[PDB]
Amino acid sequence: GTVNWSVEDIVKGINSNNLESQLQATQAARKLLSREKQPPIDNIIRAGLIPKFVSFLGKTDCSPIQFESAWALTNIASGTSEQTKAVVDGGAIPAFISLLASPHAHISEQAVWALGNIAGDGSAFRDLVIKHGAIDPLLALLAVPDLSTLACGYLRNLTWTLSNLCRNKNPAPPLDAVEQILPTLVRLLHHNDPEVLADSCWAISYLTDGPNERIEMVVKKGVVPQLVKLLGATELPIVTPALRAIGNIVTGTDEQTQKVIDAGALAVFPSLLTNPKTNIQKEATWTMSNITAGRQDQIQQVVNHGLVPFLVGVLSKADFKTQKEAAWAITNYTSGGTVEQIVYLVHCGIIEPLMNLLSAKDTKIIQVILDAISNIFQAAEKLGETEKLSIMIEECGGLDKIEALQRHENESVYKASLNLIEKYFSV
């Protein structure tokens, strides 16, 4: 019927002055643009159909051609920034915003999707969609007593569009826009659908990836507790965006980081630091390094939750990048920790793994390791046990590693390397 139409035939039918013939050609185009592979987006654009599709968006009398052109334009806008730009250049943004108020829910949902594709292109298209006034109508669609009264697909699409309105930086979404959507995003973050929960966590992760003022707007909304609950989830698609948002919040103030700790976050890291997904281990280890850069009571919280042996494990065996984050966590712990905490680290077995990572090619990981070694040695001086730490480093072979670091390409590496060798390994 309308399958496998030539763009020429689609152009012939759309250029008819027969609304029904245009609907047939607009549906044939949607099918071409909805096929499994190689949607001829460029061919559709060059035929000059985007303007016709945007004009069809306004056919209140022909809701079919409104839905057909919505889908075609959605899939065009799904492509490169060039093709999205073509859709936006056709005056599609205001037309889709108008369709958001359609009584046909599939037409409304298609407009939601199209706006999601536009806004997801980048920060400029995101702010342009916002300026055209899409937040009010989009949030009006979710103004129900129970979101469970909404179609699973409808809800998922609205959440994914809202996540795209909270995504992208340079600049971050307008503060007013984030404050107008944050309340509805918190309700979707408490929804029961795994896809709505992951997209909501990804929206919250986008909002928390910026200055401490942004982190505060989200933390003030009181989402950290549900984020920690979603951090425990069995779905990696939900645990991934949850850990990122928690990590983003622990990049902020020590009070924002203490809000995470109070919510029970540290109790999930035993699993996140042993998680089979390398990306989860890395991000958890980077959240731990930012937690050990905090106050001493916060380091003591880390210690009380048994997380130091887990950092030792990660430093002993884990993806190099995870190990680099772990070396950072150790250097932060030892820079800000009490002498009692620093000694707890060496009792947990941090010396051998740390000294074994000194044989790494990365120069920055060696500088970070040498930094922690010096901080622990400084704590050892306070106890008069530096000799025992020197004996521990010489036994694990790390003394040889430092000795060789004295000929390293970097100045700081051999500079700090020679200092410790002529400070705790000299007569």
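Quick note: we count residues from 1 along the sequence shown, nothing fancier.
As listed in the deposited structure, the average C-alpha B-factor of 336-344 and of 199-207 is greater for 336-344. Between 187-195 and 351-359, the higher mean Cα B-factor belongs to 351-359.
Ranked within its chain, residue 251 lands in the middle third, by CA B factor from the PDB record. In this PDB entry, the Cα temperature factor of residue 14 sits in the middle third of its chain's modelled residues. Sort the modelled residues of the chain by CA B factor and residue 58 lands in the lowest third.
Ranked by C-alpha B-factor against the other modelled residues of its chain, residue 165 falls in the lowest third. Ranked by C-alpha B-factor against the other modelled residues of its chain, residue 31 falls in the middle third.
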